[PDB]
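Chains as they are written, first to last, in PDB author numbering: chain A, 8 to 361; chain D, 8 to 363; chain B, 7 to 362; chain C, 8 to 361.
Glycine included, C-beta positions come from ideal geometry on N, C-alpha and C.
Shown next, in structure tokens, is the structure this report addresses.
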Amino acid sequence: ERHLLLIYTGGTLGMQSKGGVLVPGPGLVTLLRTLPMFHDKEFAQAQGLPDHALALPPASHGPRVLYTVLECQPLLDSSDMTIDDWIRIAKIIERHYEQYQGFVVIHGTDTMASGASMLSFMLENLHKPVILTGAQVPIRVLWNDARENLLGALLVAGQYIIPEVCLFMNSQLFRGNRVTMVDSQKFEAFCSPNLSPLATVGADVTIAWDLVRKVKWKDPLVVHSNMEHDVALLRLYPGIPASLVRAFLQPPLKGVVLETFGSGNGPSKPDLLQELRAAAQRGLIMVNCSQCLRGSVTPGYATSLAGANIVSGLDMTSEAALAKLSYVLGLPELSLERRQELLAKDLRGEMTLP
Amino acid sequence: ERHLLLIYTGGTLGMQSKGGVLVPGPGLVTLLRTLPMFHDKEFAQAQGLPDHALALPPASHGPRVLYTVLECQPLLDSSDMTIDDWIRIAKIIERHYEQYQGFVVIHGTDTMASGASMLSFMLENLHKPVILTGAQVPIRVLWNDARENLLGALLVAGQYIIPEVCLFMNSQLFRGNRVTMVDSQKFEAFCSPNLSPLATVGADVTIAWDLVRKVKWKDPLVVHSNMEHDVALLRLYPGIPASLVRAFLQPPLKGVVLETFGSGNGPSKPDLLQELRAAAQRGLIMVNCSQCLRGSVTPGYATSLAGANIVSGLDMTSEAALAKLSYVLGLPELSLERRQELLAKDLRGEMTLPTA
Amino acid sequence: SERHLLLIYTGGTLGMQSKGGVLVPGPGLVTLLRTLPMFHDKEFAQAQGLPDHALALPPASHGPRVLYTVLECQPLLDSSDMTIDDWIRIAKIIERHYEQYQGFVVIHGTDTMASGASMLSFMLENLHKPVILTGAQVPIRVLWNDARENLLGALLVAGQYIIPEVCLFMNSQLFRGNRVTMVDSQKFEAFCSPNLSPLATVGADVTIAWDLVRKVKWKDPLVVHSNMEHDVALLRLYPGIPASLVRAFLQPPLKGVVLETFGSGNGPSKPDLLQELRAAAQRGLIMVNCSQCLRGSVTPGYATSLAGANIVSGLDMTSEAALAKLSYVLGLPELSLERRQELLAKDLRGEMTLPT
Amino acid sequence: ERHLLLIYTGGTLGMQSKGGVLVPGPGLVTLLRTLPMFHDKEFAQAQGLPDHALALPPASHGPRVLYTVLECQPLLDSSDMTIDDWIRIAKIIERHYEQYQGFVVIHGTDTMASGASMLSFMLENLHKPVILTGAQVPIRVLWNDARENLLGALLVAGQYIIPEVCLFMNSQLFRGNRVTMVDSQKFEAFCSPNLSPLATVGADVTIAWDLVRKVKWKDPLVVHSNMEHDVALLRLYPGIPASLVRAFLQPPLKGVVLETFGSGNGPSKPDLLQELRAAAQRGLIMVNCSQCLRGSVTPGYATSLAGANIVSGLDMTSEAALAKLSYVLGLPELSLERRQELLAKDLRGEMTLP
Ligand SMILES: NC(=O)C[C@H](N)C(=O)O
Ligand SMILES: NC(=O)C[C@H](N)C(=O)O
Ligand SMILES: NC(=O)C[C@H](N)C(=O)O
Ligand SMILES: NC(=O)C[C@H](N)C(=O)O
């Protein structure tokens, strides 16, 4: 047997109608009991299992998967989620780390990529799978993507030792800190633009073991609650005025991700550059990410954004750059130089160096 | 014969190295003369053509294509381009509209999509092709995408009557107000996420005539120099504080595109909503666009951003929403309600209205 | 407001079981489906005291309630053992019960699914109701599968929409049956419609391409063609293929052949090979030229293009469709060879796009 | 400096109109001289180079590339090409192997994949790049894919040590024995369904060095002219009769690739199986390949084709299986069992083992 904790945070996967809009819906365990694909009643009574614990039917070979549903309260649309919510989740995983062989987190799609990236950083030396999943259509609606997304997540966590925060949707397993949402209606909602999926499910299950990270058995799990809140994201647009940037970068901001044009460029007008420079003197750290979905930030142009306190984000997603910025700035007693060096390193598989 | 104007604004297609970085490079016409694929010397002398005018070799069928190079000054990296630059370009097209059968604009990739969208709006009732093109690698570098991108743009403008601001790159013609940049290194740099290409070039040329807009022969070209400058784009991120939004939306801002999560949603925390409401009372107009590349903004959630002075952008790119916002706000003597109604309408093929 | 469907279970991996360490066809489908809430609403069934043969889907978002009856063919087959006769039997089942039901779903193996869809497309002349083929890469009895959602989707499409075509539903896509081919032997996205958009897509909502879906011909009755010519074949060219091997392949009693050719529709121009094609034509054989390429059309243009006596271009047809069309046309009674060739060159069921 | 041989065999890249159809067109070197992108006149006179030898302009970094055009005669539409033509090409490469650092072969698209795969096998222990290229539109037609396809091939051969028979088209370098033609009109005409490209050209050049084969500097080049001609390809279709298969497999055929359904299956009707068995007793070797573009042949069904003298082709393209069959059967003095063992091995990067 293998034992999993299913953490239900909210999201469309479990929503219900009310006032003609979808809102978070409680009572997930109650529903799941009634579904044979999610709970084997015969086996449960045959082992007289507890009322909190469900049991997946069997695969021919390999371990039986059991899981316990922890329903957060209140449940949230992922658009209302913040760093504090993700810290709460990490702490749940920390509290119960020893009792369970893996974790599945049901989450809304709207900020799924931010959440996956954040947990990726907070959960240092992670040894077990943490699989985020969600859906475009609620599980209570007959034609949905929820059933197979939830089952796949449970089967991955239950059967494979992939020590990473992942996202499972639409028969693909992605590295969590590598994904971003590309489609607001279709079931293929997420893309991992700069890295293959860690796994694919079809007639058989193909895992890219060459990419999956190695379990560091010696080192214990260190959960970082010390994530810096005063970080932001700022997207450049043509003609963006210096005075607006000045305002954006005022104290108490400590870090910012600048989403720039193309290979990592912005306007070279001096008043703008002066503000970035002024912000650096105040001790602000800036990460340069491209607005483009695919490719890497690279120097080469007179418009390339480089300089004091600007670290290139290379091929990072913006969700990952923001989380990494939150993580690095939250570490105690480091110099600015050191912090910049940590930002330029691949810390959780989120960044490919040249 | 068909006559085109080639407007060279800058961009990597024509850049040179200096101090180990790429910068804008002048002297394009001088280079193009020396390249047989871009200038047929034999034919030029046989017709004793002017020194400013180049001539493509014969294509398979149809008319011979001649073109004139207008090299803007100063040439720009597209990251330094603004509304005023795009207005200058529209005015060049206006000045010479009657002398030429079509236009090609060489432009940097960095803000290409913004430029295409802006010109799309400024050039009301356009009857001729305006094809933007660019490259990831300069034409002076041997291994490049510049040669074939420039040639294709000239051949499309020269041979087909597509009355739209388009982007031609990597054997695809896209509707200008429908594109966005998706790859910062690869030659397939742009995507039209919510509309097929207008055309594809291969062994033969396939055009989607069912999508191409109709020439309005009766109506004259109206160029809009009256584009509102005080518009911005603001991307939401989780936990974005109300105080930062307050600062962003201070006067003199008149319009903003909010890039929101998923199907068009944001945080429902009251202090944030309060600021959007306060901005509306100051008369600000807000367009809701999705951060997602593909799909549409749609209501359905308690977190859907809708309300006073918020217009849904449906499936618009953010580049298009920003340009449309600049256009609509620049029109004289309209009420806020009228302006909102215009934003919710498909004005240049940039927006698809939902089905029933 | 109820709609009634017939679910015809022919075999295929969707319903297979292990035996001797290999998958083989598994009976007892209705017994399984009863126990699954997503496939049978027990509460509603007792509330209407329904028959034991008839299952009932839960309520979908809108529209009619869907009821269906399972007909389990015997013997059940791996689709690799299926032939024209099996597909004729299926067509006849649909004929027998045509009046009692509003639509049809056929569970079928993937191995020859495309051939089966194309064949039924031709046999069912003037079809007025949906016939949706579906299958799976993993059996429904195996926990982690594509079977559950593929079967449900097929039932919901047939049950809710009037698409009068033989279709294939897999992996949230509805394809025109005579337009598909199998591209992936392991992944759930197993089929592609290379030269036509899907007829429909399922997501948060259902998008149908009504401007492609064929029109119901309510005047004309259903005519089922049992008269399908069995002596037809498919022959794939490979470089250096010798004339003597082709001679042997095309011996009587063969009446028709699909030649899968290179590129835009080309083959070796060596005379001994051309002589055999010509000899076959004199014996009265008909030949259809299809490209080995997945995407594109057969077109003339090269000295190696295969054209001539009794060779009809297949344009953009799949080879599964060309073979079925060849079987259909050759089975029609009392037509000249010239007439038969004219019919092959026409789009008879939406399988072929004519040039302009 | 680096020196390349450009072998022009024919194909649309160099065709001309005549009688309203395209046919092979001579005089390539004459055309190339007049194009600055393909020949630097200033530099040539500055080094008073020979009349047979062209010189590319300077690329960004590295060596200057010079090349010599060898125009085969007669030139061919690739639909007329056979094993003998490919042997002639291999022999050209063998004759001049020491004088040149790499090779480019201009070839028609129609049988490009068969040609690439054949040369891949004939050129044992190859140490230098051999890059096939072609086009959908002739180079003499103004709007074409020929110019950039030919240049890219020269630049790859000229600048990188990739010791494989490759195909360069549309800014992608593919392993030759891994490609097949998927589009008869579009410039993206070829696909490598079961293997990433070896390289991609964009703003910079990305090579997948983890996939590129290693130069075997100890071992000399062995060219195999001994390629078995009596091999064929047979595609199954539903209901294919046993009597037609009987006829197909008659002597003197020595080997066949059976293109089967799905994961590698065919009809189980006994009269058909009997003929495969009869062919095996005559000593015929059979390779099972899938008709599907993507995936692998695998057992699992009662309809799986396995047995006496049937070797699984796993994820091989059919072009590659046919060439491998031609190669293995041409080797002198091996037992049937040995031959089968060689077929089941990855000999040139054409097959992925489980
Ligand atoms: N499909 C979803 O989950 C969207 C939802 N608004 C959420 O993120 O909570
Ligand atoms: N590829 C390019 O053109 C990038 C350049 N920085 C520009 O936009 O001008
Ligand atoms: N997945 C499948 O259905 C393949 C099976 N051999 C069949 O065609 O019946
Ligand atoms: N485009 C091409 O090269 C096709 C031509 N028929 C050939 O194979 O020679």
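Query raised in the report: Mind pulling the beta strand (DSSP E) runs of 3 or more residues that sit fully within the region 281-346 of chain D?
Result: 292-297, 317-319
Query raised in the report: DSSP puts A206(C) in a beta bridge; with which residues?
Result: For the purposes of this step, residue 206(C) is taken as residue 199 along the fourth sequence, with counting starting at 1. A206(C) pairs with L180(C), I214(C).
Query raised in the report: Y308(B) touches chain C at which residues, Cβ-Cβ below 7 Å?
Result: Position 302 of the third sequence holds residue 308(B). Residues of chain C passing the Cβ test: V28, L29, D84.
Query - Alpha-carbon to alpha-carbon, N132(A) and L243(D) - result: As a first step, residue 243(D) is located in the second sequence; it is residue number 236 there, counting from the start. As a first step, residue 132(A) is located in the first sequence; it is residue number 125 there, counting from the start. Their backbone Cα atoms lie some 31 Å apart in a straight line.
Report task. Starting from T37(A), trace the alpha helix (DSSP H) both ways and give me its first and last residue. Result -> Taking the first residue of the first sequence as 1, we reach residue 37(A) at position 30. 35-40 is the extent of the alpha helix (DSSP H) around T37(A).
Query raised in the report: Cβ atoms of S275(A) and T310(A): under 9 Å apart, would you say?
Result: As a working mapping, residue 310(A) is identified with position 303 in the first sequence. As a working mapping, residue 275(A) is identified with position 268 in the first sequence. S275(A) sits close to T310(A), with the two beta carbons spaced by under 9 Å.
Query - Check whether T16(B) and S85(B) have beta carbons under 9 Å apart - result: Taking the third sequence and counting its residues from 1, one reaches residue 16(B) at position 10. Taking the third sequence and counting its residues from 1, one reaches residue 85(B) at position 79. In contact: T16(B) and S85(B) (Cβ atoms closer than 9 Å).
Query - Interface partners of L162(B) on chain A, CB under 7 Å - result: As a first step, residue 162(B) is located in the third sequence; it is residue number 156 there, counting from the start. Those are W150, listed as they occur along chain A.
**Report entry** Whole runs of the beta strand (DSSP E) within the region 88-158 of chain B, excluding any shorter than 3 residues
**Finding:** Counting only runs of 3 or more, we get 109-113, 137-140.
Query raised in the report: Does at least one heavy atom of ligand 1 sit under 8 Å from the Cβ of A327(D)?
Result: Residue numbering aside, residue 327(D) sits at position 320 when the second sequence is read from its first letter. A327(D): no, Cβ never under 8 Å from ligand 1.
Requested in this report: Would you please state the rounded distance, in angstroms, between the beta carbons of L56(C) and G165(C)? I believe it to be under 8 Å.
Outcome: Walking along the fourth sequence from the start, residue 56(C) turns up at place 49. Walking along the fourth sequence from the start, residue 165(C) turns up at place 158. Rounded, the Cβ-Cβ distance is 16 Å, inconsistent with contact.
Query raised in the report: How many angstroms separate the CA atom of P170(D) from the CA atom of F50(D)?
Result: Translated into the one-based positions of the second sequence, residue 170(D) becomes position 163. Translated into the one-based positions of the second sequence, residue 50(D) becomes position 43. For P170(D) and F50(D), the distance between alpha carbons rounds to 29 Å.
Report task. Find out if the Cβ-Cβ distance for the pair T116(B), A196(B) is shorter than 9 Å. Result -> Residue mapping note: residue 116(B) aligns to position 110 of the third sequence, counting from 1. Residue mapping note: residue 196(B) aligns to position 190 of the third sequence, counting from 1. Yes, Cβ-Cβ distance for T116(B) and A196(B) is below 9 Å.
Query raised in the report: Quick one, which residues of the region 198-220 of chain D are near chain C if we go by CB-CB under 8 Å, in chain order?
Result: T207, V208, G209, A210, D211
**Report entry** Span of the alpha helix (DSSP H) around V252(D)
**Finding:** On the second sequence, position 245 is the one that residue 252(D) refers to. Run containing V252(D): 249-255, per the alpha helix (DSSP H) assignment.
Query raised in the report: Can you tell me where the alpha helix (DSSP H) with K48(C) in it begins and where it stops?
Result: The residue labelled residue 48(C) in the question sits at position 41 within the fourth sequence. Looking at the DSSP string, the run of the alpha helix (DSSP H) that includes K48(C) is 48-53.
Query raised in the report: Excluding five sequence neighbours on each side, which residues of the same chain lie with their C-beta closer than 8 Å to the C-beta of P259(A)?
Result: Stepping through the first sequence from its first residue, residue 259(A) is reached at position 252. Counting only Cβ-Cβ distances below 8 Å, and skipping sequence neighbours, we find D237.
Report task. Could you round the C-beta distance between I90(D) and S333(D) to whole angstroms and report it? I think they count as a contact, below 8 Å. Result -> Locating residue 90(D) in the second sequence gives position 83, counting from the first residue. Locating residue 333(D) in the second sequence gives position 326, counting from the first residue. Right, the Cβ-Cβ distance comes to about 7 Å (below 8 Å), so this counts as a contact.
Query raised in the report: DSSP on residue 364(B), reduced to helix/strand/coil?
Result: Residue 364(B) lies beyond the stretch modelled for chain B, which goes from 7 to 362, so this question has no answer here.
Query raised in the report: Between the region 15-31 of chain A and the region 137-154 of chain A, do three or more beta carbon pairs fall short of 8 Å?
Result: yes
Query raised in the report: Once you ignore the five residues that flank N233(D) on each side, which residues in its own chain have a CB closer than 8 Å to its CB?
Result: Against the second sequence, residue 233(D) aligns to sequence position 226. Cβ neighbours of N233(D) beyond the five flanking positions: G337, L338, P339.
**Report entry** Contacts that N272(B) makes with chain C (C-beta to C-beta distance below 8 Å)
**Finding:** Counted from its first residue, the third sequence places residue 272(B) at position 266. Contact of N272(B) with chain C by beta-carbon distance below 8 Å involves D84, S86, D117.
**Report entry** Delimiting residues of the beta strand (DSSP E) encompassing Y244(D)
**Finding:** Your numbering for residue 244(D) matches position 237 in the second sequence. Counting along the chain, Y244(D) falls outside any beta strand (DSSP E), and DSSP gives it neither H nor E.
Requested in this report: Report yes or no: is there a C-beta of chain B within less than 9 Å of the C-beta of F175(A)?
Outcome: As a first step, residue 175(A) is located in the first sequence; it is residue number 168 there, counting from the start. Cβ-Cβ to chain B under 9 Å: no for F175(A).
Query raised in the report: Looking at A206(A) and ligand 4, is the gap between the Cβ and the nearest heavy atom below 8 Å?
Result: Residue 206(A) sits at position 199 when you count from the first residue of the first sequence. No, the Cβ of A206(A) stays beyond 8 Å of every heavy atom of ligand 4.
Report task. Under 6 Å Cβ to Cβ from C198(D), same chain only, skipping five residues before and after it: list those, please. Result -> Here residue 198(D) refers to the residue found at position 191 when the second sequence is read from its first residue. Cβ neighbours of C198(D) beyond the five flanking positions: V189.
Report task. Would you mind stating whether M129(D) and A160(D) have Cβ atoms separated by less than 9 Å? Result -> By 1-based counting over the second sequence, the position of residue 129(D) is 122. By 1-based counting over the second sequence, the position of residue 160(D) is 153. At least 9 Å separates the beta-carbon of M129(D) from that of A160(D).
Query raised in the report: Measuring from the CB of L77(C), is there a heavy atom of ligand 3 at a distance below 8 Å?
Result: Within the fourth sequence, numbered from 1, the residue matching residue 77(C) stands at position 70. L77(C): no, Cβ never under 8 Å from ligand 3.
Report task. Verify the contact flag: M119(D), CB atom, against every heavy atom of ligand 6, threshold strictly below 8 Å. Result -> Of the ligands this structure carries, namely ligand 1, ligand 2, ligand 3 and ligand 4, none is ligand 6.
Query raised in the report: What did DSSP end up calling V229(D) once you bin it into helix, strand or coil?
Result: Your numbering for residue 229(D) matches position 222 in the second sequence. In the three-state reduction of the DSSP assignment, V229(D) falls in the strand class.
**Report entry** Three-state class that DSSP yields for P31(D) in the structure shown
**Finding:** Locating residue 31(D) in the second sequence gives position 24, where the first residue counts as 1. Strand.
**Report entry** Range covered by the beta strand (DSSP E) that runs through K25(C)
**Finding:** The residue given as residue 25(C) occupies position 18 in the fourth sequence. First-last of the beta strand (DSSP E) with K25(C): 22-25.
Query raised in the report: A123(B) to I100(B), Cα distance in whole Å?
Result: Position 117 of the third sequence holds residue 123(B). Position 94 of the third sequence holds residue 100(B). A straight-line Cα-Cα distance of about 14 Å links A123(B) and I100(B).
**Report entry** Buried/exposed call for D278(A), threshold 16 Cβ in 10 Å
**Finding:** Residue mapping note: residue 278(A) aligns to position 271 of the first sequence, counting from 1. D278(A) is exposed by the Cβ-count criterion.
Query raised in the report: What's the gap between the Cα of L218(B) and the Cα of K352(B)?
Result: Translated into the one-based positions of the third sequence, residue 218(B) becomes position 212. Translated into the one-based positions of the third sequence, residue 352(B) becomes position 346. Rounded to whole angstroms, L218(B) and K352(B) show a C-alpha spacing of 17 Å.
Query raised in the report: Rounded to the nearest angstrom, how far is the Cβ of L73(B) from that of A66(B), given a contact under 8 Å?
Result: Within the third sequence, the letter at position 67 stands for residue 73(B). Within the third sequence, the letter at position 60 stands for residue 66(B). That belief does not hold up - the Cβ atoms of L73(B) and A66(B) are roughly 13 Å apart, past 8 Å.
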